[PDB]
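Enquirer: So here's run29.pdb (PDB, C-alpha atoms (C1' of nucleotides) and all ligand atoms).
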```
ATOM      1  CA  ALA A   1     -83.610 -63.446  71.340  1.00  0.00           C
ATOM      2  CA  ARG A   2     -87.138 -62.710  70.157  1.00  0.00           C
ATOM      3  CA  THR A   3     -89.906 -64.317  72.178  1.00  0.00           C
ATOM      4  CA  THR A   4     -91.706 -65.719  69.126  1.00  0.00           C
ATOM      5  CA  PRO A   5     -91.201 -66.595  65.443  1.00  0.00           C
ATOM      6  CA  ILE A   6     -92.785 -64.247  62.940  1.00  0.00           C
ATOM      7  CA  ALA A   7     -95.561 -66.627  61.909  1.00  0.00           C
ATOM      8  CA  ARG A   8     -97.143 -66.145  65.345  1.00  0.00           C
ATOM      9  CA  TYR A   9     -97.770 -62.440  64.679  1.00  0.00           C
ATOM     10  CA  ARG A  10    -101.152 -61.299  63.371  1.00  0.00           C
ATOM     11  CA  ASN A  11    -101.390 -57.520  62.898  1.00  0.00           C
ATOM     12  CA  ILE A  12    -105.133 -57.014  62.556  1.00  0.00           C
ATOM     13  CA  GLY A  13    -107.308 -53.922  62.469  1.00  0.00           C
ATOM     14  CA  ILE A  14    -110.812 -53.499  63.838  1.00  0.00           C
ATOM     15  CA  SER A  15    -112.751 -50.840  61.952  1.00  0.00           C
ATOM     16  CA  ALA A  16    -116.378 -50.234  61.024  1.00  0.00           C
ATOM     17  CA  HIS A  17    -119.317 -47.855  61.093  1.00  0.00           C
ATOM     18  CA  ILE A  18    -119.883 -45.896  64.297  1.00  0.00           C
ATOM     19  CA  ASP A  19    -121.235 -47.875  67.245  1.00  0.00           C
ATOM     20  CA  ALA A  20    -120.964 -51.109  65.276  1.00  0.00           C
ATOM     21  CA  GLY A  21    -119.224 -52.589  68.298  1.00  0.00           C
ATOM     22  CA  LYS A  22    -115.521 -52.186  67.602  1.00  0.00           C
ATOM     23  CA  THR A  23    -114.602 -51.303  71.186  1.00  0.00           C
ATOM     24  CA  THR A  24    -116.926 -53.939  72.634  1.00  0.00           C
ATOM     25  CA  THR A  25    -115.373 -56.670  70.512  1.00  0.00           C
ATOM     26  CA  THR A  26    -111.896 -55.417  71.366  1.00  0.00           C
ATOM     27  CA  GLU A  27    -112.596 -55.541  75.101  1.00  0.00           C
ATOM     28  CA  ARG A  28    -114.103 -59.010  74.696  1.00  0.00           C
ATOM     29  CA  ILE A  29    -110.958 -60.152  72.878  1.00  0.00           C
ATOM     30  CA  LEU A  30    -108.754 -58.703  75.595  1.00  0.00           C
ATOM     31  CA  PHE A  31    -110.798 -60.491  78.254  1.00  0.00           C
ATOM     32  CA  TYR A  32    -110.805 -63.789  76.367  1.00  0.00           C
ATOM     33  CA  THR A  33    -107.038 -63.647  76.150  1.00  0.00           C
ATOM     34  CA  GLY A  34    -106.857 -62.752  79.829  1.00  0.00           C
ATOM     35  CA  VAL A  35    -105.112 -59.374  80.002  1.00  0.00           C
ATOM     36  CA  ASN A  36    -108.494 -58.036  81.114  1.00  0.00           C
ATOM     37  CA  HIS A  37    -110.845 -59.295  83.786  1.00  0.00           C
ATOM     38  CA  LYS A  38    -114.367 -57.896  84.131  1.00  0.00           C
ATOM     39  CA  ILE A  39    -115.377 -57.854  80.440  1.00  0.00           C
ATOM     40  CA  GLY A  40    -116.847 -54.388  80.907  1.00  0.00           C
ATOM     41  CA  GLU A  41    -118.885 -52.145  78.626  1.00  0.00           C
ATOM     42  CA  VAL A  42    -118.554 -48.703  77.050  1.00  0.00           C
ATOM     43  CA  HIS A  43    -121.825 -46.914  77.812  1.00  0.00           C
ATOM     44  CA  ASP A  44    -120.665 -47.056  81.432  1.00  0.00           C
ATOM     45  CA  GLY A  45    -117.192 -45.883  80.385  1.00  0.00           C
ATOM     46  CA  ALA A  46    -115.356 -48.467  82.482  1.00  0.00           C
ATOM     47  CA  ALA A  47    -113.723 -49.972  79.376  1.00  0.00           C
ATOM     48  CA  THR A  48    -109.942 -49.671  79.291  1.00  0.00           C
ATOM     49  CA  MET A  49    -109.483 -48.864  75.601  1.00  0.00           C
ATOM     50  CA  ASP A  50    -111.160 -45.539  76.453  1.00  0.00           C
ATOM     51  CA  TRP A  51    -108.978 -43.239  78.558  1.00  0.00           C
ATOM     52  CA  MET A  52    -109.046 -39.650  77.198  1.00  0.00           C
ATOM     53  CA  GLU A  53    -112.154 -39.048  79.375  1.00  0.00           C
ATOM     54  CA  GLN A  54    -114.092 -37.709  76.377  1.00  0.00           C
ATOM     55  CA  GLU A  55    -114.802 -41.319  75.266  1.00  0.00           C
ATOM     56  CA  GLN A  56    -115.248 -42.111  78.938  1.00  0.00           C
ATOM     57  CA  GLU A  57    -118.108 -39.610  79.152  1.00  0.00           C
ATOM     58  CA  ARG A  58    -119.377 -39.421  75.528  1.00  0.00           C
ATOM     59  CA  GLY A  59    -118.900 -43.171  74.951  1.00  0.00           C
ATOM     60  CA  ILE A  60    -117.477 -42.825  71.444  1.00  0.00           C
ATOM     61  CA  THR A  61    -114.065 -44.144  70.509  1.00  0.00           C
ATOM     62  CA  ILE A  62    -112.234 -41.175  68.966  1.00  0.00           C
ATOM     63  CA  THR A  63    -108.682 -42.436  68.302  1.00  0.00           C
ATOM     64  CA  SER A  64    -106.963 -45.728  67.612  1.00  0.00           C
ATOM     65  CA  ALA A  65    -104.869 -47.347  70.327  1.00  0.00           C
ATOM     66  CA  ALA A  66    -103.072 -50.567  69.430  1.00  0.00           C
ATOM     67  CA  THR A  67    -103.277 -53.486  71.833  1.00  0.00           C
ATOM     68  CA  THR A  68    -101.723 -56.939  72.030  1.00  0.00           C
ATOM     69  CA  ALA A  69    -102.628 -60.325  73.472  1.00  0.00           C
ATOM     70  CA  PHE A  70    -102.005 -64.072  73.326  1.00  0.00           C
ATOM     71  CA  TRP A  71    -104.845 -66.069  71.795  1.00  0.00           C
ATOM     72  CA  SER A  72    -104.214 -69.255  69.883  1.00  0.00           C
ATOM     73  CA  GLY A  73    -105.644 -71.318  67.045  1.00  0.00           C
ATOM     74  CA  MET A  74    -103.649 -74.534  67.127  1.00  0.00           C
ATOM     75  CA  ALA A  75    -105.321 -76.367  70.003  1.00  0.00           C
ATOM     76  CA  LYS A  76    -106.878 -73.029  70.865  1.00  0.00           C
ATOM     77  CA  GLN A  77    -106.033 -71.316  74.185  1.00  0.00           C
ATOM     78  CA  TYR A  78    -102.605 -72.982  73.756  1.00  0.00           C
ATOM     79  CA  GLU A  79     -99.626 -72.392  71.443  1.00  0.00           C
ATOM     80  CA  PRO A  80    -100.115 -68.634  71.816  1.00  0.00           C
ATOM     81  CA  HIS A  81    -100.149 -66.249  68.870  1.00  0.00           C
ATOM     82  CA  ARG A  82     -99.544 -62.503  68.939  1.00  0.00           C
ATOM     83  CA  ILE A  83    -102.675 -60.645  67.869  1.00  0.00           C
ATOM     84  CA  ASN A  84    -102.024 -56.903  67.603  1.00  0.00           C
ATOM     85  CA  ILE A  85    -105.482 -55.345  67.358  1.00  0.00           C
ATOM     86  CA  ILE A  86    -105.879 -51.653  66.613  1.00  0.00           C
ATOM     87  CA  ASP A  87    -109.220 -50.326  67.844  1.00  0.00           C
ATOM     88  CA  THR A  88    -109.742 -47.663  65.329  1.00  0.00           C
ATOM     89  CA  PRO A  89    -112.659 -45.239  65.392  1.00  0.00           C
ATOM     90  CA  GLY A  90    -115.158 -45.256  62.522  1.00  0.00           C
ATOM     91  CA  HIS A  91    -116.330 -41.617  62.598  1.00  0.00           C
ATOM     92  CA  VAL A  92    -116.062 -39.774  59.227  1.00  0.00           C
ATOM     93  CA  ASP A  93    -114.605 -36.939  61.365  1.00  0.00           C
ATOM     94  CA  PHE A  94    -111.839 -39.334  62.563  1.00  0.00           C
ATOM     95  CA  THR A  95    -111.435 -41.330  59.284  1.00  0.00           C
ATOM     96  CA  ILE A  96    -107.848 -39.945  59.291  1.00  0.00           C
ATOM     97  CA  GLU A  97    -107.218 -42.349  62.230  1.00  0.00           C
ATOM     98  CA  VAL A  98    -108.518 -45.180  59.988  1.00  0.00           C
ATOM     99  CA  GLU A  99    -106.431 -43.914  57.070  1.00  0.00           C
ATOM    100  CA  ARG A 100    -103.057 -44.075  58.785  1.00  0.00           C
ATOM    101  CA  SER A 101    -104.003 -47.257  60.623  1.00  0.00           C
ATOM    102  CA  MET A 102    -105.295 -49.062  57.521  1.00  0.00           C
ATOM    103  CA  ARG A 103    -102.009 -48.084  55.826  1.00  0.00           C
ATOM    104  CA  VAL A 104     -99.979 -49.624  58.650  1.00  0.00           C
ATOM    105  CA  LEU A 105    -101.686 -53.013  59.179  1.00  0.00           C
ATOM    106  CA  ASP A 106    -101.209 -56.302  57.343  1.00  0.00           C
ATOM    107  CA  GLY A 107    -104.858 -57.296  57.828  1.00  0.00           C
ATOM    108  CA  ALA A 108    -108.026 -56.002  59.436  1.00  0.00           C
ATOM    109  CA  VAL A 109    -111.282 -57.586  60.603  1.00  0.00           C
ATOM    110  CA  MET A 110    -114.111 -55.374  59.338  1.00  0.00           C
ATOM    111  CA  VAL A 111    -117.203 -55.231  61.565  1.00  0.00           C
ATOM    112  CA  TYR A 112    -120.732 -55.163  60.156  1.00  0.00           C
ATOM    113  CA  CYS A 113    -124.065 -54.874  61.909  1.00  0.00           C
ATOM    114  CA  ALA A 114    -126.759 -57.479  61.412  1.00  0.00           C
ATOM    115  CA  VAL A 115    -129.451 -54.800  61.649  1.00  0.00           C
ATOM    116  CA  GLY A 116    -128.347 -52.385  58.932  1.00  0.00           C
ATOM    117  CA  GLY A 117    -125.711 -54.362  57.102  1.00  0.00           C
ATOM    118  CA  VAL A 118    -123.136 -52.026  55.631  1.00  0.00           C
ATOM    119  CA  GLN A 119    -123.412 -48.349  56.501  1.00  0.00           C
ATOM    120  CA  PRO A 120    -122.075 -45.212  54.747  1.00  0.00           C
ATOM    121  CA  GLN A 121    -119.029 -45.118  57.041  1.00  0.00           C
ATOM    122  CA  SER A 122    -118.401 -48.787  56.233  1.00  0.00           C
ATOM    123  CA  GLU A 123    -118.630 -48.003  52.522  1.00  0.00           C
ATOM    124  CA  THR A 124    -116.032 -45.305  53.282  1.00  0.00           C
ATOM    125  CA  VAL A 125    -113.586 -47.563  55.141  1.00  0.00           C
ATOM    126  CA  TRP A 126    -114.077 -50.028  52.290  1.00  0.00           C
ATOM    127  CA  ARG A 127    -112.503 -47.492  49.946  1.00  0.00           C
ATOM    128  CA  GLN A 128    -109.842 -46.875  52.625  1.00  0.00           C
ATOM    129  CA  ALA A 129    -109.117 -50.602  52.577  1.00  0.00           C
ATOM    130  CA  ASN A 130    -109.074 -51.082  48.802  1.00  0.00           C
ATOM    131  CA  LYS A 131    -106.723 -48.088  48.735  1.00  0.00           C
ATOM    132  CA  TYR A 132    -104.040 -50.417  50.121  1.00  0.00           C
ATOM    133  CA  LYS A 133    -105.394 -53.910  49.335  1.00  0.00           C
ATOM    134  CA  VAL A 134    -105.339 -54.607  53.089  1.00  0.00           C
ATOM    135  CA  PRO A 135    -106.548 -58.213  53.431  1.00  0.00           C
ATOM    136  CA  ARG A 136    -109.662 -58.382  55.535  1.00  0.00           C
ATOM    137  CA  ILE A 137    -112.477 -60.512  56.907  1.00  0.00           C
ATOM    138  CA  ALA A 138    -115.906 -59.499  58.164  1.00  0.00           C
ATOM    139  CA  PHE A 139    -117.337 -59.851  61.652  1.00  0.00           C
ATOM    140  CA  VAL A 140    -121.111 -59.464  61.725  1.00  0.00           C
TER     141      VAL A 140
ATOM    142  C1'   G B   1    -148.437  -5.071 112.033  1.00  0.00           C
ATOM    143  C1'   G B   2    -151.170  -0.881 108.814  1.00  0.00           C
ATOM    144  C1'   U B   3    -155.105   1.989 108.061  1.00  0.00           C
ATOM    145  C1'   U B   4    -157.609   6.495 110.293  1.00  0.00           C
ATOM    146  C1'   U B   5    -158.627   8.505 118.056  1.00  0.00           C
ATOM    147  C1'   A B   6    -156.495  10.903 122.244  1.00  0.00           C
ATOM    148  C1'   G B   7    -149.485  11.727 123.735  1.00  0.00           C
ATOM    149  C1'   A B   8    -144.805  13.186 120.491  1.00  0.00           C
ATOM    150  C1'   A B   9    -141.531  14.909 116.655  1.00  0.00           C
ATOM    151  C1'   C B  10    -139.386  16.110 111.880  1.00  0.00           C
ATOM    152  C1'   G B  11    -140.038  18.375 106.891  1.00  0.00           C
ATOM    153  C1'   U B  12    -143.577  21.390 104.730  1.00  0.00           C
ATOM    154  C1'   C B  13    -147.758  24.707 104.752  1.00  0.00           C
ATOM    155  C1'   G B  14    -150.351  28.254 108.182  1.00  0.00           C
ATOM    156  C1'   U B  15    -148.834  34.697 111.680  1.00  0.00           C
ATOM    157  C1'   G B  16    -152.329  30.561 114.504  1.00  0.00           C
ATOM    158  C1'   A B  17    -155.253  27.231 116.943  1.00  0.00           C
ATOM    159  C1'   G B  18    -153.726  23.099 113.509  1.00  0.00           C
ATOM    160  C1'   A B  19    -153.137  20.183 108.769  1.00  0.00           C
ATOM    161  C1'   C B  20    -150.543  16.696 104.905  1.00  0.00           C
ATOM    162  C1'   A B  21    -152.070   9.467  99.821  1.00  0.00           C
ATOM    163  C1'   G B  22    -145.477  12.569 104.035  1.00  0.00           C
ATOM    164  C1'   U B  23    -142.570  10.132 107.579  1.00  0.00           C
ATOM    165  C1'   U B  24    -141.307   8.230 112.846  1.00  0.00           C
ATOM    166  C1'   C B  25    -142.209   6.359 118.200  1.00  0.00           C
ATOM    167  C1'   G B  26    -146.682   4.399 121.575  1.00  0.00           C
ATOM    168  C1'   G B  27    -151.509   2.872 121.666  1.00  0.00           C
ATOM    169  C1'   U B  28    -157.898  -1.809 125.696  1.00  0.00           C
ATOM    170  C1'   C B  29    -160.564  -5.919 119.686  1.00  0.00           C
ATOM    171  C1'   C B  30    -166.603  -7.768 124.250  1.00  0.00           C
ATOM    172  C1'   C B  31    -170.716 -11.695 123.810  1.00  0.00           C
ATOM    173  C1'   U B  32    -172.567 -18.297 128.834  1.00  0.00           C
ATOM    174  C1'   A B  33    -175.744 -20.171 121.299  1.00  0.00           C
ATOM    175  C1'   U B  34    -182.583 -19.742 121.315  1.00  0.00           C
ATOM    176  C1'   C B  35    -183.366 -21.083 116.178  1.00  0.00           C
ATOM    177  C1'   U B  36    -181.131 -22.626 111.146  1.00  0.00           C
ATOM    178  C1'   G B  37    -176.702 -25.209 109.801  1.00  0.00           C
ATOM    179  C1'   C B  38    -172.869 -29.125 110.736  1.00  0.00           C
ATOM    180  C1'   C B  39    -170.006 -32.970 113.813  1.00  0.00           C
ATOM    181  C1'   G B  40    -171.488 -36.950 116.920  1.00  0.00           C
ATOM    182  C1'   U B  41    -174.614 -39.362 120.595  1.00  0.00           C
ATOM    183  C1'   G B  42    -179.021 -40.746 122.286  1.00  0.00           C
ATOM    184  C1'   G B  43    -184.637 -40.897 124.533  1.00  0.00           C
ATOM    185  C1'   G B  44    -190.223 -41.921 121.988  1.00  0.00           C
ATOM    186  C1'   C B  45    -193.058 -44.227 118.477  1.00  0.00           C
ATOM    187  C1'   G B  46    -193.527 -46.580 114.217  1.00  0.00           C
ATOM    188  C1'   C B  47    -192.567 -50.644 111.176  1.00  0.00           C
ATOM    189  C1'   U B  48    -200.009 -54.032 112.464  1.00  0.00           C
ATOM    190  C1'   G B  49    -198.806 -60.454 117.974  1.00  0.00           C
ATOM    191  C1'   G B  50    -194.334 -59.945 121.098  1.00  0.00           C
ATOM    192  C1'   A B  51    -189.028 -61.150 121.432  1.00  0.00           C
ATOM    193  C1'   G B  52    -183.708 -62.506 119.836  1.00  0.00           C
ATOM    194  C1'   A B  53    -180.436 -62.476 116.388  1.00  0.00           C
ATOM    195  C1'   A B  54    -178.022 -62.402 111.571  1.00  0.00           C
ATOM    196  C1'   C B  55    -178.472 -60.068 106.886  1.00  0.00           C
ATOM    197  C1'   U B  56    -179.757 -58.044 101.657  1.00  0.00           C
ATOM    198  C1'   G B  57    -179.043 -53.346 100.009  1.00  0.00           C
ATOM    199  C1'   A B  58    -182.121 -48.346  97.966  1.00  0.00           C
ATOM    200  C1'   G B  59    -179.089 -44.372  98.994  1.00  0.00           C
ATOM    201  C1'   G B  60    -174.937 -41.356 101.018  1.00  0.00           C
ATOM    202  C1'   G B  61    -169.734 -40.407 102.522  1.00  0.00           C
ATOM    203  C1'   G B  62    -164.355 -41.568 102.338  1.00  0.00           C
ATOM    204  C1'   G B  63    -160.016 -42.835  98.684  1.00  0.00           C
ATOM    205  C1'   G B  64    -158.350 -41.258  93.493  1.00  0.00           C
ATOM    206  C1'   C B  65    -151.580 -37.397  94.079  1.00  0.00           C
ATOM    207  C1'   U B  66    -147.144 -38.518  92.200  1.00  0.00           C
ATOM    208  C1'   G B  67    -140.890 -38.341  91.244  1.00  0.00           C
ATOM    209  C1'   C B  68    -136.283 -40.900  90.693  1.00  0.00           C
ATOM    210  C1'   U B  69    -133.514 -45.094  89.398  1.00  0.00           C
ATOM    211  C1'   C B  70    -133.286 -49.880  86.887  1.00  0.00           C
ATOM    212  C1'   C B  71    -134.942 -53.309  83.120  1.00  0.00           C
ATOM    213  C1'   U B  72    -136.906 -53.349  78.341  1.00  0.00           C
ATOM    214  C1'   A B  73    -132.535 -50.190  75.745  1.00  0.00           C
ATOM    215  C1'   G B  74    -127.938 -47.447  73.620  1.00  0.00           C
ATOM    216  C1'   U B  75    -133.427 -50.392  71.142  1.00  0.00           C
ATOM    217  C1'   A B  76    -136.757 -47.231  67.344  1.00  0.00           C
ATOM    218  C1'   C B  77    -135.097 -42.275  65.450  1.00  0.00           C
ATOM    219  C1'   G B  78    -130.554 -40.495  63.496  1.00  0.00           C
ATOM    220  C1'   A B  79    -124.430 -40.165  58.878  1.00  0.00           C
ATOM    221  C1'   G B  80    -123.188 -38.605  63.977  1.00  0.00           C
ATOM    222  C1'   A B  81    -124.062 -36.130  68.044  1.00  0.00           C
TER     223        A B  81
HETATM  224  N1  LIG A 201    -127.141 -55.482  71.434  1.00  0.00           N
HETATM  225  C1  LIG A 201    -125.832 -55.273  71.215  1.00  0.00           C
HETATM  226  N2  LIG A 201    -125.358 -54.063  71.555  1.00  0.00           N
HETATM  227  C2  LIG A 201    -124.060 -53.752  71.384  1.00  0.00           C
HETATM  228  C3  LIG A 201    -123.162 -54.750  70.815  1.00  0.00           C
HETATM  229  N3  LIG A 201    -121.953 -54.170  70.751  1.00  0.00           N
HETATM  230  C4  LIG A 201    -122.069 -52.906  71.233  1.00  0.00           C
HETATM  231  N4  LIG A 201    -123.328 -52.663  71.613  1.00  0.00           N
HETATM  232  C5  LIG A 201    -123.879 -51.423  72.191  1.00  0.00           C
HETATM  233  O1  LIG A 201    -123.400 -50.278  71.488  1.00  0.00           O
HETATM  234  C6  LIG A 201    -123.204 -49.210  72.407  1.00  0.00           C
HETATM  235  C7  LIG A 201    -121.820 -48.651  72.182  1.00  0.00           C
HETATM  236  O2  LIG A 201    -120.939 -49.693  71.750  1.00  0.00           O
HETATM  237  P1  LIG A 201    -119.457 -49.281  71.294  1.00  0.00           P
HETATM  238  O3  LIG A 201    -118.407 -50.156  71.935  1.00  0.00           O
HETATM  239  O4  LIG A 201    -119.402 -47.805  71.601  1.00  0.00           O
HETATM  240  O5  LIG A 201    -119.497 -49.580  69.719  1.00  0.00           O
HETATM  241  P2  LIG A 201    -118.326 -48.890  68.886  1.00  0.00           P
HETATM  242  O6  LIG A 201    -118.695 -47.441  69.035  1.00  0.00           O
HETATM  243  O7  LIG A 201    -118.320 -49.354  67.460  1.00  0.00           O
HETATM  244  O8  LIG A 201    -117.101 -49.347  69.608  1.00  0.00           O
HETATM  245  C8  LIG A 201    -123.280 -49.809  73.790  1.00  0.00           C
HETATM  246  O9  LIG A 201    -124.435 -49.314  74.466  1.00  0.00           O
HETATM  247  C9  LIG A 201    -123.437 -51.299  73.629  1.00  0.00           C
HETATM  248  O10 LIG A 201    -124.449 -51.772  74.524  1.00  0.00           O
HETATM  249  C10 LIG A 201    -123.764 -56.050  70.461  1.00  0.00           C
HETATM  250  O11 LIG A 201    -123.072 -56.953  69.982  1.00  0.00           O
HETATM  251  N5  LIG A 201    -125.063 -56.235  70.690  1.00  0.00           N
END
```
Rewrite the structure from the file as structure tokens, please.
Ligand SMILES: Nc1nc2c(ncn2[C@@H]2O[C@H](COP(=O)(O)OP(=O)(O)O)[C@@H](O)[C@H]2O)c(=O)[nH]1
Expert:
Amino acid sequence: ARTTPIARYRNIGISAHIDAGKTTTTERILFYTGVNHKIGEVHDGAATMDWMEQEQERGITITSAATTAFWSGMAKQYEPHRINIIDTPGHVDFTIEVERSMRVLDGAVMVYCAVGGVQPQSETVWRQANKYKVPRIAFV
RNA sequence: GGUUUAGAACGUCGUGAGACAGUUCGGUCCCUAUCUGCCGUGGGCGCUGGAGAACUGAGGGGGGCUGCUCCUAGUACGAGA
């Protein structure tokens, strides 16, 4: 039947202030689980999370697009888990994408910058996370 | 090439020879550099015995132009662009 027991699923959300590195960390995760070669960047648009061609050119993630992989914690790189990341955007203009995403995840790794710490958009998505008690960790 | 010479015409003016910041076609542009000047290149003499070399360097001339891309760097700035 199903390929994996439920305890191997981790539905996590990546969300933060603009440019805090959500898409970069998502592409790094995809590479480190091996569904992506060529780690790639965003300012050169070659990243694969970005398709709509606006975020290709303008280099700003505008809408969430879920993605899956197989990374593992028990004897890591082995005994695969199912991490469903959702690369959400952090723009106040697109906070609606965070809203519906934050309401649909069971956890979410918040991203913070080490230069500015929290930022107004992060203080916003913090309300959008307390709004649903979405469990969460921070990634500086 | 044009402007303004001789040929020619149109429009216009003049009765006319002709004329017009009106137009059109055609229409010869000379000079062996003496001096000054400047580019170079020498011959004489000096420089205090003659000669051969190497120099120092007064002083003068040449050369001084820049773009793009990459890195720094998606950094600082900016809520974001
Ligand atoms: N120095 C540094 N720059 C980063 C990091 N993550 C992202 N960036 C830069 O941030 C710019 C855009 O990153 P992006 O993926 O758009 O961040 P996001 O907008 O939050 O997803 C790019 O030029 C990256 O070079 C990081 O961990 N360190």
Enquirer: Let me make sure I understand: among B:78, B:31, B:19, B:73, which one has the smallest atom-to-atom distance to ligand LIG 201 (chain A) if we use all atoms listed in the file?
Expert: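 Once distances to ligand LIG 201 (chain A) are computed over all atoms listed in the file, the minimum belongs to B:73.
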Enquirer: Can you list, as a count of residues only, the residues that the PyMOL selection byres ((chain B) within 9 of (chain A and not hetatm)) selects here?
Expert: 3
Enquirer: With 12 Å as the cut-off and all atoms listed in the file counted, what is the closest atom pair between each nearby residue of chain A and ligand LIG 201 (chain A)? Distances in Å to one decimal, ordered by chain and number, as JSON lines.
Expert:
```
{"residue": "A:14", "atom": "CA", "partner": "A:LIG201", "partner_atom": "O7", "distance": 9.3}
{"residue": "A:15", "atom": "CA", "partner": "A:LIG201", "partner_atom": "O7", "distance": 8.0}
{"residue": "A:16", "atom": "CA", "partner": "A:LIG201", "partner_atom": "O7", "distance": 6.8}
{"residue": "A:17", "atom": "CA", "partner": "A:LIG201", "partner_atom": "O7", "distance": 6.6}
{"residue": "A:18", "atom": "CA", "partner": "A:LIG201", "partner_atom": "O7", "distance": 4.9}
{"residue": "A:19", "atom": "CA", "partner": "A:LIG201", "partner_atom": "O6", "distance": 3.1}
{"residue": "A:20", "atom": "CA", "partner": "A:LIG201", "partner_atom": "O7", "distance": 3.9}
{"residue": "A:21", "atom": "CA", "partner": "A:LIG201", "partner_atom": "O5", "distance": 3.3}
{"residue": "A:22", "atom": "CA", "partner": "A:LIG201", "partner_atom": "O8", "distance": 3.8}
{"residue": "A:23", "atom": "CA", "partner": "A:LIG201", "partner_atom": "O8", "distance": 3.5}
{"residue": "A:24", "atom": "CA", "partner": "A:LIG201", "partner_atom": "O3", "distance": 4.1}
{"residue": "A:25", "atom": "CA", "partner": "A:LIG201", "partner_atom": "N3", "distance": 7.0}
{"residue": "A:26", "atom": "CA", "partner": "A:LIG201", "partner_atom": "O8", "distance": 8.2}
{"residue": "A:27", "atom": "CA", "partner": "A:LIG201", "partner_atom": "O3", "distance": 8.5}
{"residue": "A:28", "atom": "CA", "partner": "A:LIG201", "partner_atom": "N3", "distance": 10.0}
{"residue": "A:39", "atom": "CA", "partner": "A:LIG201", "partner_atom": "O3", "distance": 11.9}
{"residue": "A:40", "atom": "CA", "partner": "A:LIG201", "partner_atom": "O3", "distance": 10.0}
{"residue": "A:41", "atom": "CA", "partner": "A:LIG201", "partner_atom": "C9", "distance": 6.8}
{"residue": "A:42", "atom": "CA", "partner": "A:LIG201", "partner_atom": "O3", "distance": 5.3}
{"residue": "A:43", "atom": "CA", "partner": "A:LIG201", "partner_atom": "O9", "distance": 4.9}
{"residue": "A:44", "atom": "CA", "partner": "A:LIG201", "partner_atom": "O9", "distance": 8.2}
{"residue": "A:45", "atom": "CA", "partner": "A:LIG201", "partner_atom": "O4", "distance": 9.3}
{"residue": "A:46", "atom": "CA", "partner": "A:LIG201", "partner_atom": "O3", "distance": 11.1}
{"residue": "A:47", "atom": "CA", "partner": "A:LIG201", "partner_atom": "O3", "distance": 8.8}
{"residue": "A:48", "atom": "CA", "partner": "A:LIG201", "partner_atom": "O3", "distance": 11.2}
{"residue": "A:49", "atom": "CA", "partner": "A:LIG201", "partner_atom": "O8", "distance": 9.7}
{"residue": "A:50", "atom": "CA", "partner": "A:LIG201", "partner_atom": "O3", "distance": 9.7}
{"residue": "A:55", "atom": "CA", "partner": "A:LIG201", "partner_atom": "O4", "distance": 8.8}
{"residue": "A:56", "atom": "CA", "partner": "A:LIG201", "partner_atom": "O4", "distance": 10.2}
{"residue": "A:57", "atom": "CA", "partner": "A:LIG201", "partner_atom": "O4", "distance": 11.2}
{"residue": "A:58", "atom": "CA", "partner": "A:LIG201", "partner_atom": "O4", "distance": 9.3}
{"residue": "A:59", "atom": "CA", "partner": "A:LIG201", "partner_atom": "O4", "distance": 5.7}
{"residue": "A:60", "atom": "CA", "partner": "A:LIG201", "partner_atom": "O4", "distance": 5.3}
{"residue": "A:61", "atom": "CA", "partner": "A:LIG201", "partner_atom": "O6", "distance": 5.9}
{"residue": "A:62", "atom": "CA", "partner": "A:LIG201", "partner_atom": "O6", "distance": 9.0}
{"residue": "A:63", "atom": "CA", "partner": "A:LIG201", "partner_atom": "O8", "distance": 11.0}
{"residue": "A:64", "atom": "CA", "partner": "A:LIG201", "partner_atom": "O8", "distance": 10.9}
{"residue": "A:86", "atom": "CA", "partner": "A:LIG201", "partner_atom": "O8", "distance": 11.8}
{"residue": "A:87", "atom": "CA", "partner": "A:LIG201", "partner_atom": "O8", "distance": 8.1}
{"residue": "A:88", "atom": "CA", "partner": "A:LIG201", "partner_atom": "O8", "distance": 8.7}
{"residue": "A:89", "atom": "CA", "partner": "A:LIG201", "partner_atom": "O7", "distance": 7.3}
{"residue": "A:90", "atom": "CA", "partner": "A:LIG201", "partner_atom": "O7", "distance": 7.2}
{"residue": "A:91", "atom": "CA", "partner": "A:LIG201", "partner_atom": "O6", "distance": 9.0}
{"residue": "A:110", "atom": "CA", "partner": "A:LIG201", "partner_atom": "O7", "distance": 11.0}
{"residue": "A:111", "atom": "CA", "partner": "A:LIG201", "partner_atom": "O7", "distance": 8.4}
{"residue": "A:112", "atom": "CA", "partner": "A:LIG201", "partner_atom": "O7", "distance": 9.6}
{"residue": "A:113", "atom": "CA", "partner": "A:LIG201", "partner_atom": "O11", "distance": 8.4}
{"residue": "A:114", "atom": "CA", "partner": "A:LIG201", "partner_atom": "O11", "distance": 9.3}
{"residue": "A:115", "atom": "CA", "partner": "A:LIG201", "partner_atom": "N1", "distance": 10.1}
{"residue": "A:121", "atom": "CA", "partner": "A:LIG201", "partner_atom": "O7", "distance": 11.3}
{"residue": "A:122", "atom": "CA", "partner": "A:LIG201", "partner_atom": "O7", "distance": 11.2}
{"residue": "A:139", "atom": "CA", "partner": "A:LIG201", "partner_atom": "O11", "distance": 10.5}
{"residue": "A:140", "atom": "CA", "partner": "A:LIG201", "partner_atom": "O11", "distance": 8.9}
```
Enquirer: Pick the closest to residue 101 (chain A) from A:13, A:130, A:73, A:31: which is it, counting all atoms listed in the file?
Expert: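 Under the stated criterion, the closest residue is A:13.
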Enquirer: What's the separation between CA of residue 132 (chain A) and CA of residue 96 (chain A), in Å to one decimal place?
Expert: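 Computing the Euclidean distance for CA of residue 132 (chain A) and CA of residue 96 (chain A) yields 14.4 Å.
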Enquirer: Counting all atoms listed in the file, which of A:8, A:99, A:129, A:116 gets nearest to residue 69 (chain A)?
Expert: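 Among the listed residues, the smallest separation from residue 69 (chain A) belongs to A:8.
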Enquirer: Given the point (-102.5, -56.8, 68.4) in the coordinates of this file, which residues lie within 9 Å, counting only C-alpha atoms (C1' of nucleotides), and how would they look as a PyMOL selection string?
Expert: chain A and resi 9-13+66-70+82-86
